[PDB]
Amino acid sequence: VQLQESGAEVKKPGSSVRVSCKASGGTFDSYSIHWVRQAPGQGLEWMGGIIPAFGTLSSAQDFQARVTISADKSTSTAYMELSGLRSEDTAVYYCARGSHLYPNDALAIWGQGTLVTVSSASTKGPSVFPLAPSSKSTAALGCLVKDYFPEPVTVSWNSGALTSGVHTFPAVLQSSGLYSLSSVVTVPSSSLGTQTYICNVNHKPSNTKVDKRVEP
Amino acid sequence: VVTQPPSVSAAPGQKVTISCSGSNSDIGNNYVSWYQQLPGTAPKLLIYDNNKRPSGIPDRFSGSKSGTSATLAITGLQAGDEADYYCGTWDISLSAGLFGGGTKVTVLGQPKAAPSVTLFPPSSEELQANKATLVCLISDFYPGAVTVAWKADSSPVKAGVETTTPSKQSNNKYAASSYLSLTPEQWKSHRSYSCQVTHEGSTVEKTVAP
Ligand SMILES: CCCSc1nc(N[C@@H]2C[C@H]2c2ccc(F)c(F)c2)c2nnn([C@@H]3C[C@H](OCCO)[C@@H](O)[C@H]3O)c2n1
């Protein structure tokens, strides 16, 4: 009952993106799959949909000569391909599975969404530094994720074993044109001497993952 | 075009309503669904087939549909209901999904909370990479608006400062972050750095001495 999507990447104006959407249960059954985008800070916009079990598909009129939707049964993955990318195509591309078994259908299971950035600027992976806990900082500790492009960066702690007290901040866009962010976690002070803390930083646009040890 | 008011507001525990207005081609001859988008998250289905709730959705959410109009009602409004709500519909003649513009729900009169300030000096790793960044974390405050100012010793520093717009923590209070990037001549000369946070006219300042 989960739809899986990546981070995910950087495109020059005029190029194309293929956004992937994988069903966790190994089937689309007779449900529909839809693609919905959202430009940063703006509304939702429907792009297209398909009922994989039947191959029946439709795309938004505003994207008919630019959008192609398809479904791969072998890996229960749906794909949307948007061509002729423009600055205005920078958006998070969500995939959502329908509620109706094929007409009162709705978008019931949503993916995390993939951010597509349309820009001529080059990709840059992050530099990750520890924000070590001390008597000066329960204790706060974290990771500083510096100077990367484009967004996003995701941060997990101890490969997902640490979720309580985690706060990942939005990124800051510096004068240089590069982003930076920090992820912080509040932990029992005693845990500082009983366990290790590793922040796992994922920068899907540069296909980079950094696992950074954070020591007191 | 399906329309919604851009915003709606009420105090905690109060009832709020959001209406979606469309045409005979979309809402008029179809069904309306409603989506909740909490800050920094994917949309979530609240209501489908006009008035049905998926399992797990609080019963404080209800839906209704009359002609070319549809309404989402939220009873006993909580801080955790602050989000953007969208109505969704299908127009069979165009075989296309349509969304309303979205309505931002604000929960007014929440309890005030002064910020706590945590300041990290540059890591030995970054210093070894010939760079120096101080990280100021501002947390547990309400309302979600602060001004952050830095000092190096007693000197105000504007260059090299970057600050995030506050966003909610899991406990519904706000947090923000601020960064001070330093030159090697600033790091070799200053004995202390300070992150000054102004919230509702009062200031909380934390100092670090490397
Ligand atoms: C051909 C396109 C197949 S996907 C599809 N999806 C329908 N409902 C969409 C999910 C619900 C929806 C609700 C709110 C939104 F904001 C949103 F973006 C999406 C849907 N409803 N009717 N149809 C028919 C089925 C028929 O397929 C032909 C099979 O031979 C075609 O006439 C569609 O209009 C839907 N198709």
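A, B, ... follow the sequence lines: proteins, then strands. Residue 1 opens every chain. Below, each value reflects all heavy atoms present in this structure, side chains not excepted, and no hydrogens, waters or symmetry copies.
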Does atom [atom1] ([X]) have a neighbourhood of more than 12 heavy atoms from anything else shown, all under 6.0 Å?
| X | atom1 | result |
| --- | --- | --- |
| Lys168(B) | NZ | yes |
| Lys124(A) | NZ | no |
| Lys151(B) | NZ | yes |
| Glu45(A) | CD | yes |

Got a second to check how far [X]'s [atom1] is from [Y]'s [atom2], nearest 0.5 Å?
| X | Y | atom1 | atom2 | answer |
| --- | --- | --- | --- | --- |
| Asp84(B) | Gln42(A) | CG | CD | 12.0 Å |
| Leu181(A) | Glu162(B) | CG | CD | 13.0 Å |
| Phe120(B) | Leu144(A) | CZ | CG | 10.5 Å |
| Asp140(B) | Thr186(A) | CG | OG1 | 8.0 Å |
| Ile138(B) | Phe169(A) | CD1 | CZ | 8.0 Å |
| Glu125(B) | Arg213(A) | CD | CZ | 13.0 Å |

If I measure from the heavy atoms of chain B, does [X] come under 4.5 Å with its side chain, its backbone, both, or neither?
| X | answer |
| --- | --- |
| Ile109(A) | neither |
| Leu57(A) | neither |
| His34(A) | side chain |
| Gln38(A) | side chain |
| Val128(A) | backbone |
| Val166(A) | neither |

Which bit of [X] comes within less than 4.5 Å of chain A, counting heavy atoms only: side chain, backbone, both or neither?
| X | value |
| --- | --- |
| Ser181(B) | side chain |
| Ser178(B) | neither |
| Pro43(B) | both |
| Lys104(B) | neither |

If every non-hydrogen atom of [X] is compared with every non-hydrogen atom of [Y], which pair is closest and at what distance?
| X | Y | answer |
| --- | --- | --- |
| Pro121(B) | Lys136(A) | CG-NZ, 4.0 Å |
| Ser58(A) | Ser95(B) | OG-O, 2.7 Å |
| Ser137(A) | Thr118(B) | CB-CG2, 4.3 Å |
| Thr41(B) | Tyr94(A) | O-OH, 3.7 Å |

Kindly indicate whether a cation-pi arrangement holds for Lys131(B) with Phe129(A), taking the cut-offs as under 6.0 Å to the six-membered ring centre and within 45° of the axis.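 Judged by the rule (NZ or CZ under 6.0 Å from the ring centre, within 45° of its axis), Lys131(B) is not positioned above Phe129(A).
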
Hey, which of [options] has the most heavy atom pairs under 4.5 Å with chain B?
| options | value |
| --- | --- |
| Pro130(A), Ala60(A), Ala96(A) | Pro130(A) |
| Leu44(A), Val92(A), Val184(A) | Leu44(A) |
| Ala132(A), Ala171(A), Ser182(A) | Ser182(A) |
| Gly111(A), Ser99(A), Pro103(A), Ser59(A) | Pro103(A) |
| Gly113(A), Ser180(A), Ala140(A), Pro133(A) | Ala140(A) |

Apply side-chain contact (heavy atoms from CB on, under 4.5 Å) to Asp105(A) and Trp90(B), showing your working. CA-CA 9 Å; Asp105(A) 200 13; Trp90(B) 185 260; over 6 Å; no

Among the listed options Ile92(B), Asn30(B), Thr133(B), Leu94(B), the residue most often paired with chain A at heavy-atom distances under 4.5 Å: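 Max contact count across the listed options: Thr133(B).
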
So which of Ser33(B), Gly97(B), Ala176(B) has the largest heavy-atom pair count under 4.5 angstrom toward chain A?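 Looking at each option in turn, the highest pair count goes to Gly97(B).
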
Any sub-3.5 Å donor-acceptor pair from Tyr31(B)'s side-chain atoms to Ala106(A)'s backbone N or O?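 Checked: no pair found.
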
Could you give me the CA-CA distance, side-chain angles and deciding distance for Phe99(B) and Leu107(A), then say whether side-chain contact (heavy atoms from CB on, under 4.5 Å) is met? CA-CA 12 Å; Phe99(B) 287 101; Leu107(A) 309 179; 3.9 Å; yes

Quick one: list whatever passes salt bridge (charged side-chain N to carboxylate O under 4.0 Å, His left out) with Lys52(B), sequence neighbours left out.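 Per chain and number, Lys52(B) pairs via salt bridge (charged side-chain N to carboxylate O under 4.0 Å, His left out) with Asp49(B).
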
